[PDB]
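Secondary and tertiary structure notes
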Amino acid sequence: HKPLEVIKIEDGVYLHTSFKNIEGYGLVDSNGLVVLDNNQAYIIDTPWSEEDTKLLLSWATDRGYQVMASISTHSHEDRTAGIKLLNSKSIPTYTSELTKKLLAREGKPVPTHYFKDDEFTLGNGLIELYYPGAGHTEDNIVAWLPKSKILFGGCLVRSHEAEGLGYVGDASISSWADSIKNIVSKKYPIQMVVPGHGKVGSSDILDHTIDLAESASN
Amino acid sequence: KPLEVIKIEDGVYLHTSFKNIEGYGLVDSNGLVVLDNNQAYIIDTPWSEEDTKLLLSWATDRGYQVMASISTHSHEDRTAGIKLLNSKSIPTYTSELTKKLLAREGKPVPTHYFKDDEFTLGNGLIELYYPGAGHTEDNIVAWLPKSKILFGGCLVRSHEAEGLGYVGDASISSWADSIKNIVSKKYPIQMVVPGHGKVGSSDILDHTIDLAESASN
Ligand SMILES: [Zn+2]
Ligand SMILES: [Zn+2]
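Residues numbered from 1 in each chain as written, not as in the entry; some residues may be left out. Chains lettered and ligands numbered in written order. Heavy atoms only, no water. Residues with missing side-chain atoms left out of burial classes, pairs and counts.

Some thoughts on the coordination of the zinc ion (ligand 1)
A four-donor tetrahedral metal ideally has 109.5 degree angles, and a six-donor octahedral metal ideally has angles of 90 or 180 degrees. Residues and elements named next belong to chain A. Around the zinc ion (ligand 1), the protein supplies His74 (NE2), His76 (ND1) and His136 (NE2) as donor atoms, at distances of 2.0 Å. For the zinc ion (ligand 1), the donor residues sit on a single chain with the sequence spacing H-x1-H-x59-H. For the residue pair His74 and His76, the accessibility class agrees, reading buried in each case. (Donors = N, O, S within 2.8 Å, 3.2 Å for Na, K, Ca; no water. Buried < 20%, exposed > 50% of the residue type's maximum accessible area, 1.4 Å probe, protein only.)

Notes on the UniProt feature "binding site: Ca(2+)" (unreviewed entry) in chain B
The UniProt entry lists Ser69 of chain B under the feature "binding site: Ca(2+)" (unreviewed entry), expressed in the numbering used here. Not counting residues within four places of it along the chain, the set of residues in contact with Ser69 of chain B comprises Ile42, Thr45, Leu85, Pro91, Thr92 and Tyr93 of chain B. (UniProt positions renumbered as here; feature names shortened; annotations may be inferred. Contact = heavy atoms within 4.5 Å.)

Here's the deal with the interface of chain B and chain A
Taken residue by residue, the interface counts 16 residues in chain B and 13 residues in chain A. Counting residues per element, the side of chain B that touches chain A draws most heavily on strand β3 (residues 25–36) of chain B, at 4 residues. Along the lines of polarity and charge, the residues of the side of chain B that touches chain A split into 7 nonpolar, 5 polar and 4 charged. (Helix = DSSP H or I, 4+ residues; strand = E, 2+ residues; numbered from the N terminus. Nonpolar A, V, L, I, M, F, W, Y, C, P; charged D, E, K, R; others polar.)

Brief notes about the nonpolar core
Counting 22 residues, the largest nonpolar core has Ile8, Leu32, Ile43, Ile70, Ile126 and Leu144 of chain B as its most contacted members. Secondary-structure elements contributing two or more residues to this core are β2 (12–21), β3, β4 (39–43), β5 (65–70), β9 (126–129), β10 (141–144), β11 (149–153) and β12 (191–194) of chain B. Among the nonpolar cores identified, the runner-up in size contains 21 residues, and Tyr42, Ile44, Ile71 and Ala143 of chain A belong to it. (Core = buried A, V, L, I, M, F, W, Y, C linked by side-chain atoms within 4.5 Å.)

Some thoughts on the sheet that holds strand β6 (residues 92–95) of chain B
Residue and element names in this part refer to chain B. Taken in spatial order, the 7 strands line up as β1-β2-β3-β4-β5-β6-β7 in an open sheet, and their pairing is mixed. A strand with exactly one partner marks an edge of an open sheet, and here the two such strands are β1 (4–9) and β7 (112–114). When strand polarity is set aside, the average angle formed by the axes of neighbouring strands in this sheet is 25 degrees. Two strands pair when backbone bridges link them, and β1 and β2 are joined in this way by 5 bridges, in the antiparallel orientation. Within the sheet, the bridge partner assigned to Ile6 lies in β2 and is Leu14. Seen against the sheet, helix α1 (residues 49–61) touches β1, β2, β3, β4 and β5 and runs at an angle of roughly 155 degrees to β2. Helix-sheet contacts for helix α3 (residues 96–104) involve β6 and β7, and the interaxial angle to β6 is about 100 degrees. (Pairing = 2+ DSSP bridges. Axes fitted to C-alpha atoms, helices over the stretch in contact; angles between N-to-C directions.)

Observations concerning the coordination of the zinc ion (ligand 2)
Residue and element names in this part refer to chain B. For the zinc ion (ligand 2), the full set of protein donor atoms is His73 (NE2), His75 (ND1) and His135 (NE2), and the range of their distances to it is 1.9 to 2.2 Å. Motif for the zinc ion (ligand 2), donor spacing along one chain: H-x1-H-x59-H. With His75 in the loop between β5 and α2 (82–87) and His135 in the loop between β9 and β10, the pair connects residues that are 60 residues apart, well separated along the chain. On the accessibility criterion, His75 (15% relative accessible area) is buried. For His135, a relative accessible area of 3% corresponds to the buried category.

Here we look at the UniProt feature "binding site: Mg(2+) 1" (unreviewed entry) in chain A
Residues and elements named next belong to chain A. Taking the numbering used here, the UniProt-annotated feature "binding site: Mg(2+) 1" (unreviewed entry) corresponds to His16 and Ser18. Overall, the relative accessible area of 1% leaves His16 in the buried class. Look at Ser18 and you get buried, because its relative accessible area is 1%. In this view, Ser18 contacts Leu4, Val28, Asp29, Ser30, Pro47, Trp48 and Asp52; residues no more than four positions away in its chain are not counted.

Quick notes on the UniProt feature "binding site: Zn(2+) 2" (unreviewed entry) in chain A
All names here are of chain A. Sequence positions flagged by UniProt for "binding site: Zn(2+) 2" (unreviewed entry) are, in local numbering, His74, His76, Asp78 and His136. Look at the named residues: they lie 63 residues apart in sequence, but the longest C-alpha span between them is just 12.9 Å, so in the fold they bunch up. Residue classification places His74 among the buried residues on the basis of a relative accessible area of 1%. Residues contacting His74, with those up to four places away along its chain left out, are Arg79, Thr80, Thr99, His136, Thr137, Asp139, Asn140 and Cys155. In this structure the side chain of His74 is engaged in a polar contact, spanning 3.1 Å, whose partner is the side chain of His76. Within the secondary structure, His76 is located in the loop between β5 (66–71) and α2 (77–80). A residue is classified by how much of its surface remains accessible, and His76, at 15% relative accessible area, is buried. With near-sequence residues (within four places) excluded, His76 lies in contact with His136, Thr137, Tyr167 and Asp170. (Polar contact = N/O pair within 3.5 Å; in protein donor to acceptor, adjacent residues only side chain to side chain.)

Some words on the environment of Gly24 of chain A
Here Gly24 of chain A is to be found in the loop between β2 (13–22) and β3 (26–37). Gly24 of chain A has contacts with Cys154, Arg157, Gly165, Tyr166 and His196 of chain B, leaving out every residue within four places of it along the chain.

Remarks on the packing of helix α4 (residues 172–183) of chain B against helix α5 (residues 203–216) of chain B
Think of two packed helices as two axes; the pair is described by the angle between the axes and how far apart they sit. Residues and elements named next belong to chain B. Where α4 meets α5, the axes come as close as 8 Å, and the angle between the chain directions of the two elements is 155 degrees. Judged by the inter-axis angle, α4 sits roughly antiparallel to α5. In terms of crossing hand, the pair formed by α4 and α5 is left-handed. Facing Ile172, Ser173, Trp175, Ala176, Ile179, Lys180, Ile182 and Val183 of α4, the residues of α5 in contact are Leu205, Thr208, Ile209, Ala212, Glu213, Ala215 and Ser216. Class assignment for the residues of the contact of α4 with α5 results in 10 nonpolar, 3 polar and 2 charged. (Parallel < 35°, antiparallel > 145°, perpendicular 65-115°, else oblique. Left-handed = near helix turned anticlockwise from the far one by under 90°.)

Here you go:
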């Protein structure tokens, strides 16, 4: 597959995108973020593979950044593949309590840290994490970046160009619209929503996602 | 999600296996089981060794003898059902080119292989043909004279497909020429089975040319 791409999307916020070859279908992209605070770096979702995680770490360290932590937004592999490698480098890895326990139940590498409430911050205010309820998975969380006004929605949100909800084998479809409404209730002054797959868009990505969820729910 | 097998004609069964793609949804992949009396031939295996196991179980529970498999190209998916069949002493066939491509990539290799651009399997049951590069450099197709079905694998796209699929190893500018070589065989095609998506008519070929020429620009 083609290798990790990293592109600046705001002052101190970079989009990292990994790619998978899907036989029969084509190339599929997966997004996360790197957030900088002076020379400290925080990774929101790892890349989709251990080797693209290695490239992400090298991106940061070649720039003289110290990688302080990762947070993964649910237990699925496009969010967590790199937890094994970061653990091996002694980089703190974080999920929610629920995500950590799901990983453990499945015999997957676990983060070295977790948070218990519906809200938590990383980087002492830099990244606000929120659990809005089930949708894409029972455990999906979102990250709000108050300085850049970026909401990282992960797979709980769908890009404009997405006509469906994606992989729903672990989804709670009938809960999903309510969980997006919970995000809206936070009154974040969102100017960009970053989905787990596809292109970055505005806050109207939330309304789009509600439409898809309500349609599927029937 | 587990294997599905369904009859699409007397003696011909469609097997469809599924992958969970984690930002897109479920992706299906097709192959065939072709019967001559109780003797069964597999055209492409499920992309999983675990689904191939189930396809073999499907055949032998019905009391069929699995005579051979044929693989249409060297991609990770439709092979290493090769590994499994090899282990059960079931002959596995590919083109010689496909065989060497696998061997070069250190993948499991078929025990059997054919040299020319044409080969017939099962006493006239299955006709294999190499039309040129397209989805891949080595892709072959299988023609079934009895049922008048062409298995196009990923060289052909379903009527519903809007793109050529995974094009990483494609010869896009060679692709329309290769479909043309299939048309040039003048097979009395009643159906075409794509590697992905719904089975359809011979117009699936024209559709594929249209995607290929379009892409070529
Ligand atoms: Zn997921
Ligand atoms: Zn292929």
